[PDB]
């Protein structure tokens, strides 16, 4: 018995981030979907690119460590640097937390786009089972499963067979 993303993920799937898993009379199989995978991946790189850009270069700055107490001017120098450190520490905590919320949103979306893409291909020939899977109401051999996966599945071919299996 097979399920989809609604239930849980797939440790089985090792050559892609998303993919199809099918059952027909010829057997059962798992294939990865390249478009959806590269979609997600490409936004993880682009933000990994936005982070290794080093606009931070600093030669002569100010003293940050002291040997004797001095009062006013030392107190200020210590304050300026401690203020700078606090503000960048905040920027880092927020940036990472906010990137990460985006990374989750983008990947959750690409999964749903993949599901809806298949939904559209299948028209009135399949019903959504509720578990991230479609029950296909016609015989679908291995060539037919591949057509769904490579985007050439012509729903008109099977519409009569499938509608008659759904309505009676």
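Residue numbers count along the first chain shown, from 1.
Stretches 67 to 75 and 84 to 92 differ in mean C-alpha B factor, with the higher average recorded for 67 to 75. Set 33 to 41 against 124 to 132 and average the Cα temperature factors; 33 to 41 ends up higher. Residue set 119, 138, 50, 113: peak C-alpha B-factor at 50 (per PDB entry). Placement of the Cα temperature factor of residue 57 within the chain: highest third of the modelled residues, per the deposited record. Looking at the C-alpha B-factors along this chain, the one for residue 1 belongs to the highest third. Ranked within its chain, residue 16 lands in the highest third, by CA B factor from the PDB record.
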